[PDB]
Every structure is written in structure tokens, then in C-alpha cells.
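Read through the structure below, which is laid out as C-alpha cells, and then see the notes.
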Amino acid sequence: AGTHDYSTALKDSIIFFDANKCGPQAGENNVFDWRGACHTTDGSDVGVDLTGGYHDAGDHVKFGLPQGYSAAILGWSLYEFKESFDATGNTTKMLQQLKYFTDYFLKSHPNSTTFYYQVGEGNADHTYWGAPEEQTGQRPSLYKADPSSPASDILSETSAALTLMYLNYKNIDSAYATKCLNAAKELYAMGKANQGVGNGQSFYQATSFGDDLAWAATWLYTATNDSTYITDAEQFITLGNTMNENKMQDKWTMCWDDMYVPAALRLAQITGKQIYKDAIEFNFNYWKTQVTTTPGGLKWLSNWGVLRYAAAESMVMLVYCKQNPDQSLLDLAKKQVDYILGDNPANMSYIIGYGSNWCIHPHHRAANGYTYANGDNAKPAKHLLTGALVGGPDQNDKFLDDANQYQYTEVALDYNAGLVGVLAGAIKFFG
Ligand SMILES: OC[C@H]1O[C@@H](O[C@H]2[C@H](O)[C@@H](O)[C@H](O)O[C@@H]2CO)[C@H](O)[C@@H](O)[C@@H]1O
Ligand SMILES: [Ca+2]
Ligand code: NI
Ligand SMILES: [Zn+2]
């Protein structure tokens, strides 16, 4: 299409988070009348109020790594493209989605050296299909980070999210903002004290934490101006590196498990070093010609959550373009966004509730609104999951609209985090 309504897409992408809110206040100021209080006793098994936060995807478990990553990317979006939110009247809602995240992180940090990061057990949770408001029983506070149990990546992403909130909220409620920064400082300290990836069962198996520590450290520098954080960052981003001169050539993109590119981007801005500019340029060059492109024009990184990847890489490029105007990057980013919005061989918006001909069988329990009963869960979702970015098509641009095909129909917090950011960027550069 010649013109695209990026403004409305942004509004919807932010609204999506309401669908996954968890806790007794889940229905407060929620745009979906079909969402209400749920899992209201989370944490009782350990004597700590762990209610709040968000259901991870189409399920109801609260996984620490993707929860932290999502809050950090949403915070980054508002920080870099604030004007996009102000001019479209979405700043208020955005700040509300962010605080729902941070309130949960603060409650999960009862003391300076403790952080609970997973509520629920994935295997058992997935055997259930119904409304989260009706899923009774005490959920286990399965994982916790402390001096003897490492979770550097989870702790760092959560830390980054809290620092970004301090930066985005200090002109509204400076007291709350500082509570976030204090917590961010402590979670970061925990992460570098005992180094190791956190636990996420078979669902979120982590492989790196040096990327996360560096990322969290750059934000702490921005907030405090204490250069010791940058000294940490430069050392952590090279942990485990076995390459020549510590060369960083990431053939992937920004995602819950890999934050080497965003970390490199910030270090490039803060230190001006060539090593980081090279890393960023390699990843951008790699996506330009090495990443598979479908006949329809979509950059296809892998089979699961393919659009989540395209949007995430595009957001990084747009942040980069603010100080480094690169038309090749603006063109690639715009094509991926417009593809998601409807410019594709399937002639469908990949954002539910936006555009036309969207996914009617989302793999989302609350929106589906049915049970496993007579396989009713196979019927078209009862409610409109406004703003949800679905997994996407195959490398042939074909989309299979079926709840059983998780690869195509599931949605998740990490999916939409990058979408909000890329849309905020599209508004700034393309109007
Ligand atoms: O882990 C993939 C996917 O599983 C979904 O649950 C499945 C479960 O894996 C399968 O054994 C059972 O037969 O069906 C359920 C429902 O389709 C889960 O809902 C997703 O969150 C998860 O991504
Ligand atoms: Ca990582
Ligand atoms: Ni178009
Ligand atoms: Zn819940």
C-alpha cells in the first residue's frame, strides 16, 4: 500500500499486553472485557506475593528470561522514540504496560540478594486449556536466583528494564523511578557475582549471559554516569568468545536469548570503538544479503516466530538510523513492517485486529475462550486478540491458520515487544 497507518498499529501493539496481564489487578484499566483477575495467590508456596506480571505466550506460566527481555525492549522503545508515543496519544497506556511489568519485578525482589523469576510449571500448565481466571490450584514458584543459584541473563534483562523505567518515569514519579533504579543496581550486582544462565525448563533454554550483563551495564551508565559500568560491559560482552581479536559476528538477531547486537550498538555509541561498530555492521550486512528472503519479500531467519525476528532486527536498525541515516536500512525495515501490516502474498495482516484477513485461530487460551472438551479449542477464537503479532508464514509465504500449528499461530510477549519498538520507529521516520 502507498500509505500505512503506523499510528493505529502502534496503539494496537501496545494494547495486546492487556490480554496477558496476570494477577488480581489484571482487569484494571484493561481494554478487553473478557479478561479478569487470575492466579491471585502466586507465590504463596514460598510466602511471597508474586502476583502480577504477564502470562508468557498462549500459556499462563511466567518465564523469567522472556518476561525481562520484553519489559526491557518495551522500555527501550519509549526511550528512543518518545515523540512517536506522545504525538499518537499512546504514552499513557505504554507507561501503564511498563509499570505492570516493573511492579512485578519489584515484588519478586523481597531482599537485595533474592529474585524469583518463574511462577508455574510449563509441562503441567500446558495440559490445561481454559480461561486463566478459572485455572485453580497453587502454582509453584519454581525458580529463584540467589547467591548460590545463578541467573545472570534473567537478572540482567530485568535490571535493564528497571533502569529504563527510571529513565522513562523520573519526570512523573521520581520516587518510584528511584525504587526501580535501586532494584536494577542490585539485580545487576547479583548477576555478575554468580555467573551462569538462569533456568527456563525445556521451554526457554538459555545459552548466553555475557550479552545480557553488557546490555544491563550500558543502561546503568546512562542513568548514573558512572563509567565503571562501561568497564564491566566491555569485559562481559566478550565472555566465552573464542574468535580472533574477540570479533563479534552475530548471524542471528535481538531476541530473549541473544542480546549481543543491541549491547554492541549501545557500546558503539558510548565508547565509539571500532570493534563494536564492526559487530553492528556485520549483523546488518548479514541480514541484507545472507538471510533468506521469501518470494514475498520477508527476511526469513528461522521457522518458529519468524515475524518476531524480522520486527526485532528492524527495530535495531531504526534506533541505529537516528544518528546514522542509512537509507538501505530504512528501506529494509520499512519492507518488513509493511509485510507484517498486510503487504504479502497471503494478503493478510499478521497483527490480529488490525488491517484485514487476520489470524482467526490464535494459539492463546484466554482469547480462544473454549476448552479441550469436544476439541472445541479448534473452533475460531471467541475473542479478538487485538494487536497480537502471530508466528507467521513458512518460507513460501504460506500461512496455516490452525491453533494446533503453534509455529504459525502462537503469540507471545517477546514477539510484541519488538513490534511496538519497530512501529514507534516507523512513525518517526515514515510519519
Ligand atoms: O511447547 C509447545 C506448545 O505446547 C502447547 O501445548 C500443547 C502440548 O505441547 C501438546 O502436547 C498437547 O497435545 O497440546 C497442547 C495444546 O496445543 C502450549 O499451549 C504452547 O504454549 C507451547 O508453545
Ligand atoms: Ca543471552
Ligand atoms: Ni504498502
Ligand atoms: Zn494469570
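Residue numbers start at 1 in each chain; chains themselves are named A, B, ... in the order of the C-alpha cells; ligands are numbered from 1 in the order shown.
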
Practice task
Would you mind listing the residues within 8 Å of ligand 4, counting only C-alpha atoms and all ligand atoms, as a ChimeraX atom specification?
Solution key: /A:20-23,26,37-40,52,54-55,60-61,132-133

Considering only C-alpha atoms and all ligand atoms, give me a table of residues in chain A that are at most 7 Å from ligand 2, with the closest atom pair and distance in Å for each, as CSV.
residue,atom,partner,partner_atom_place_in_ligand_line,distance
A:153,CA,ligand 2,1 (Ca),5.6
A:206,CA,ligand 2,1 (Ca),6.5
A:207,CA,ligand 2,1 (Ca),6.2
A:208,CA,ligand 2,1 (Ca),3.9
A:209,CA,ligand 2,1 (Ca),4.4
A:210,CA,ligand 2,1 (Ca),6.8
A:211,CA,ligand 2,1 (Ca),5.4
A:212,CA,ligand 2,1 (Ca),5.4
A:256,CA,ligand 2,1 (Ca),6.8
A:257,CA,ligand 2,1 (Ca),4.0
A:258,CA,ligand 2,1 (Ca),4.3
A:259,CA,ligand 2,1 (Ca),5.7

Problem - Distance criterion (only C-alpha atoms and all ligand atoms): nearest to ligand 1 out of A:304, A:79, A:287, A:143 - result: A:304

Practice task
With only C-alpha atoms and all ligand atoms counted, collect every polymer residue having an atom within 12 Å of ligand 1; state the result as JSON, numbers by chain.
Solution key: {"A": [55, 56, 57, 58, 59, 60, 61, 62, 63, 121, 122, 123, 124, 125, 126, 127, 128, 129, 130, 201, 202, 203, 204, 304, 305, 361, 362, 363, 364, 365, 366, 368, 371, 372, 375, 377, 378, 391, 402, 403, 404, 405, 406, 407, 408, 409, 410, 411, 412, 413]}

Handout entry: Within 6 Å of ligand 3 (only C-alpha atoms and all ligand atoms), residues as a list in words
Key = residues 1, 2, 338 and 343 of chain A

Exercise for the section: Excluding range 92-97 of chain A and any residue of its chain fewer than 6 positions from it, enumerate the residues within 10 Å of it, using only C-alpha atoms, and give them as a count of residues only. Expected result: 22

Practice task
Could you check how far CA of residue 359 in chain A sits from CA of residue 34 in chain A, in Å to one decimal?
Solution key: 18.7 Å
